[PDB]
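Peer 1: Here is the sequence, then the experimental structure:
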Amino acid sequence: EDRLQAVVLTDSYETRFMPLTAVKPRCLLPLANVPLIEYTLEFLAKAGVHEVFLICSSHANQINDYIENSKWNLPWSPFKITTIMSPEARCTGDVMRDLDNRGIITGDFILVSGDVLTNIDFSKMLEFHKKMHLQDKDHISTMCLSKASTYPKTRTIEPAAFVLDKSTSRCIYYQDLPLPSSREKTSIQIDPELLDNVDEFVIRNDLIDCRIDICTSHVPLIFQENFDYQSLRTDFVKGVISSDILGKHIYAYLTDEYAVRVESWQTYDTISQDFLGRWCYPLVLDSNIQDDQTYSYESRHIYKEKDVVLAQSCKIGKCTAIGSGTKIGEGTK
Amino acid sequence: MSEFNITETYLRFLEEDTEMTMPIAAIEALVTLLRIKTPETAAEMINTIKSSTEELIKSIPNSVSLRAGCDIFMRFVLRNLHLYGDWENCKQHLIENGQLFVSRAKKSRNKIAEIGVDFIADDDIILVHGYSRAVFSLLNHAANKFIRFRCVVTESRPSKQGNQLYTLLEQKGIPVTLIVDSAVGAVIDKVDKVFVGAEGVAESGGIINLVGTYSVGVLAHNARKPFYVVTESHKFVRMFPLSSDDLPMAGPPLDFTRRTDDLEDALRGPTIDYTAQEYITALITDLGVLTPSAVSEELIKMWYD
């Protein structure tokens, strides 16, 4: 039951942020004035984990200088924090075979890839996982996904078809899908041979990925032999459900509220405005958590710390945020 | 050998500094009275200081701040007369207490600001009325805090005091206008907070300062804007009126006599009004922020027997 392990695997999206990201990693960039590691870390500490494993594929020294100067290498942190040094630019997946060669992980653990920002109570995700355990001895994992039903077409890089069960929400199949800029590529295929004993399924596009996968320790041993996999979902969750290994079913969870993951600036802007607005209750900005800021909250979504010098005859509109010690001037907007 | 009555001690050091006000000048004169004239007997000391307070009130009657200072001096010599040192040490003990007001009440005005800066929040248009220098002692530290606000200063007809603020905090660097005193009702719909300063606090919480603070108070109530008053702790006075009319200046507030040839006609109505306890909502002293029923208790406890 308890003694939750965990592993965060950042540093796979350096293609996305290329004018930046070559002097400090993607995971060390300030989303709202503070570098977004803790937007994962405070979440999965509220999930109640006991160890994490930061894969740092690039700029490994300016990971661990921040980590040792964090609040997590102090002897009351709810998890102990460990890193994994790395040769540069490994594809994902093979980090788990390197883990199995090292052999640390026993039990259920979080496959948090990328850098997430969410409000979901992970506690109620445990009983979905344990109901999967009790009602199936052929399980693989659970995949929590958001319900962004009011917008397709604007979750930029990969649109996906998370086709899954009606009743049990078992993930039936998966397929990558093209972009709205491309009018050309118009087909997907779901071959019905594995569709024999399902009789009820749903195929949706409105589920955004967030790469928060919690599983059992059997599936890295499953992943050990089949050494052909280089992604986490374009190859694996297709190549584990497509009648390849028999008696290994993967499940996927759907929440009802906000749970999102960084893709690019056309997602970074949207999640910055959702977090900086009150669309992310209770994981909000004015609570002054991370590096003991002094944010106050007026109406119209204004965030100001102490020692802010707002000059005369300035106007500050909706949904802004200003750090300490700044100085604006006359006539600014 | 001075006699401490009118100007042989009192009015001299009023020309030393135009920053000290009337009641602490009265406190300084009354402590330097018995700091020297202490003829080794507890009887004539109190007779001397009571005679001195009554002749000093007899000097200028229409400056009721003087009555506040000259009566809290009596409260000082009463409580320092208490603890019952058999007068053997109190000839030295009372005078070595002594100058603790001019070391205490002189530096009270920044202690006002240290608790009153956290009232004027960001972008508050402020209405002040009359040259109440404790309000400027708050506003000076407010502008030194680098907080963003705006100020509006009324006229002070006929007592001229409204022209002083616009030549006081303009050169500090605050955007400020000078409204005329009759134009309050057309602007107090827009003014966020309104400050005044008292020349006295009655036994229920009252503003006994100037010509029309009752008018700006009742405008503040029927605009439902908060009506604060910055003062300090040497401004308590026993005088508790019941009307909007205090002790007279020289006659009633409604004259109906005849101008002889060309005498002055502006100052013919009253010049010191009164505000009831309903219109004020919080007052600032050395004793913290202070609701008017708390100032009623504070002036009800140290004046009974």
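Peer 2: Done, it's in. Residues are numbered from 1 along each chain as shown, chains lettered A, B, ... in the order given.
Peer 1: Could you use CA atoms for every contact and neighbour count after this?
Peer 2: Will do.
Peer 1: what's the lengthiest strand in chain A packed up against?
Peer 2: Secondary structure of chain A per DSSP state E: the longest strand is strand A:49-56. Using 3 or more C-alpha pairs under 8 Å, 6 or more residues apart in numbering or on different chains; DSSP states H and E, the elements in contact with strand A:49-56 are strand A:4-9, strand A:80-85.
Peer 1: How much space separates residue B:11 from residue B:21?
Peer 2: Here the criterion is C-alpha to C-alpha, to the nearest Å. By it, residue B:11 lies 12 Å from residue B:21.
Peer 1: ok so, going back, output the helices and strands packed on strand A:49-56 as CSV; include the columns distance to residue B:182 and mean neighbour count.
Peer 2: Below are these laid out as CSV (distance: least, C-alpha to C-alpha, whole Å; neighbours: other C-alpha atoms under 10 Å in any protein chain shown):
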stretch, distance to residue B:182, mean neighbour count
strand A:4-9, 69, 21
strand A:80-85, 69, 16
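Peer 1: Now distance to residue A:216 too, for those, in TSV please.
Peer 2: Output for the helices and strands packed on strand A:49-56, formatted as TSV (distance: least, C-alpha to C-alpha, whole Å):
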stretch	distance to residue A:216
strand A:4-9	11
strand A:80-85	21
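Peer 1: Minimum distance to residue B:305: which of these has it?
Peer 2: strand A:80-85 (68.0 Å; C-alpha to C-alpha).
Peer 1: Run the chain-centre distance for that closest one.
Peer 2: Relative to the mean C-alpha coordinate of its chain, strand A:80-85 is positioned 18 Å out (C-alpha atoms, centre = their mean, to the nearest Å).
Peer 1: Also stretch A:258-266?
Peer 2: When C-alpha coordinates are averaged (C-alpha atoms, centre = their mean), stretch A:258-266 and its chain have centres 8 Å apart.
Peer 1: Find the residue at the geometric middle of chain B.
Peer 2: Of all residues in chain B, the one closest to the mean position by C-alpha atoms, centre = their mean is residue B:199, 3.1 Å from it.
Peer 1: Put together TSV for the helices and strands packed on strand A:49-56, with distance to chain B on each row.
Peer 2: Formatted as TSV, those follow (distance: least, C-alpha to the nearest C-alpha, whole Å):
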stretch	distance to chain B
strand A:4-9	43
strand A:80-85	42
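Peer 1: residue ranges for the strands of the stretch 51-200 of chain B, please.
Peer 2: Secondary structure of the stretch 51-200 of chain B (DSSP state E, counting those that start in this stretch): strands at B:125-128, B:150-153, B:176-178, B:193-196.
Peer 1: Looking at those strands, which is nearest to residue B:234?
Peer 2: Nearest of those (C-alpha to C-alpha): strand B:193-196, 16.3 Å.
Peer 1: what comes into contact with the closest one?
Peer 2: Contacts to strand B:193-196, defined as C-alpha atoms under 8 Å, 6 or more residues apart in numbering or on different chains, come from residues B:120, B:124-130, B:132, B:135, B:213, B:220, B:225-230.
Peer 1: For the helix or strand that comes right after that strand, list every residue counted as buried.
Peer 2: Sequence order places helix B:213-221 as the next helix or strand after strand B:193-196, per DSSP states H and E. Neighbour-count burial for helix B:213-221, counted by 16 or more other C-alpha atoms under 10 Å in any protein chain shown, picks out B:213, B:214, B:215, B:216, B:217, B:218, B:219, B:220, B:221.
Peer 1: and what of stretch A:95-109?
Peer 2: A:95, A:96, A:97, A:99, A:100, A:105, A:108, A:109.
Peer 1: Identify the residues contacting the last one.
Peer 2: Contact analysis of residue A:109 by C-alpha under 8 Å, 6+ apart lists A:4, A:5, A:6, A:7, A:214, A:215, A:216, A:217.
Peer 1: Test my guess that the last one contacts residue A:106.
Peer 2: Yes. Because the distance of 5.7 Å satisfies C-alpha atoms under 8 Å, residue A:217 is recorded as touching residue A:106.
Peer 1: Which single residue of the stretch 151-300 of chain A ends up nearest chain B?
Peer 2: Relative to chain B, the nearest point of the stretch 151-300 of chain A is residue A:298 (10.2 Å; C-alpha to the nearest C-alpha).
Peer 1: How about the contacts made by that residue?
Peer 2: By C-alpha under 8 Å, 6+ apart, residue A:298 has no neighbours at all.
Peer 1: what's the neighbour count on residue 149?
Peer 2: I went with chain A, as the question did not name one. 11 (other C-alpha atoms under 10 Å in any protein chain shown).
Peer 1: my bad, the chain I had in mind was chain B
Peer 2: Using other C-alpha under 10 Å, residue B:149 is surrounded by 21 other residues.
Peer 1: Tell me who's in contact with the closest residue to it other than its chain neighbours.
Peer 2: Excluding the flanking residues, the one nearest residue B:149 by C-alpha to C-alpha, 6 or more residues apart in numbering or on different chains is residue B:123, at 4.5 Å. Counting by C-alpha under 8 Å, 6+ apart, residue B:123 makes contact with B:148, B:149, B:150.
Peer 1: what's the spacing between residue B:259 and residue A:53?
Peer 2: 96 Å.
Peer 1: Those two: which is more packed in?
Peer 2: When neighbours are counted by other C-alpha under 10 Å, residue B:259 and residue A:53 differ, and residue A:53 comes out ahead with 17 against 9.
Peer 1: Might one say that that one is in contact with residue A:6?
Peer 2: Yes. Between residue A:53 and residue A:6 there is a contact under C-alpha under 8 Å: 7.0 Å.
Peer 1: In strands, which of the buried residues of stretch A:95-109 fall?
Peer 2: The strands, defined by DSSP E, take in residue A:109 from those.
Peer 1: With distance to residue B:88 added, can I get the buried residues of stretch A:95-109 in a markdown table?
Peer 2: Output for those, formatted as a markdown table (distance: C-alpha to C-alpha, whole Å):
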| residue | distance to residue B:88 |
| --- | --- |
| A:95 | 90 |
| A:96 | 91 |
| A:97 | 94 |
| A:99 | 89 |
| A:100 | 92 |
| A:105 | 85 |
| A:108 | 85 |
| A:109 | 83 |
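Peer 1: Show me the buried residues of stretch A:95-109 that map onto helices.
Peer 2: The members of these that map onto helices under DSSP state H are A:95, A:96, A:97, A:99, A:100.
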